[PDB]
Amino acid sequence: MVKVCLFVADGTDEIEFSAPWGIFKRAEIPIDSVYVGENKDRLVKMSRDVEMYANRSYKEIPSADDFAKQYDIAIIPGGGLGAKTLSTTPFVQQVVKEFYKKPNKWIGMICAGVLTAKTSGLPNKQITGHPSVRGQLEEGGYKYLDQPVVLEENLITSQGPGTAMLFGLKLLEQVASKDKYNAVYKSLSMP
């Protein structure tokens, strides 16, 4: 059974957090929110001011190697300020570098969260992200695709709050059986 880590920081976007969270919960696949921040109660101020608790602090996990024995999917959501913090945290970079190209691991990044590919020195060729980070990614030698969701190797990237459902679904698609994926998909009333 696959387990998912949804990273979260102060300033993480509520929509981009909620889509993969709700999708993996519907799929009955374990998922933990893992806070990168200093609040000792794991209380998070989200990008648009929702105050919510995370399940864990990243300080509970000693290394990317230990992280990899705990989780199979690592998700880095966006929101301007949350993405800045996540993309500049050495631990998150180490996890991303460790997971990349592993046959039993997957990475998701959405909106400004995709800056983590660049900061982690990932060598994928093609990518998407929020149009506001397009310049930054093309400087990193990435070919930017203007579409909701991109997959290269085991890195799923996505554009923004409007694509967070498609992003969560693409991650689920990698680990769910056909019947589980189809059932979850059908339950969402996708447009």
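All residue numbers are counted from 1 along the displayed sequence.
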Original post:
Which of the two stretches, 22-30 or 143-151, shows the higher mean Cα temperature factor in the record?
Top reply: 143-151
**OP:** State which stretch shows the higher mean Cα B factor in the entry: 12-20 or 179-187.
**Re:** 179-187
Subject >> From 137, 54, 46, 166, residue of greatest CA B-factor >> reply: 137
Original post:
In terms of the CA temperature factor given in the entry, to which third of its chain does residue 80 belong: lowest, middle or highest?
Top reply: middle
Original post:
Once the chain's modelled residues are ordered by C-alpha B factor and cut into thirds, is residue 70 in the lowest, middle or highest one?
Top reply: middle
**OP:** Grab the CA temperature factor for residue 50 from the record and place it in the lowest, middle or highest third of its chain.
**Re:** lowest
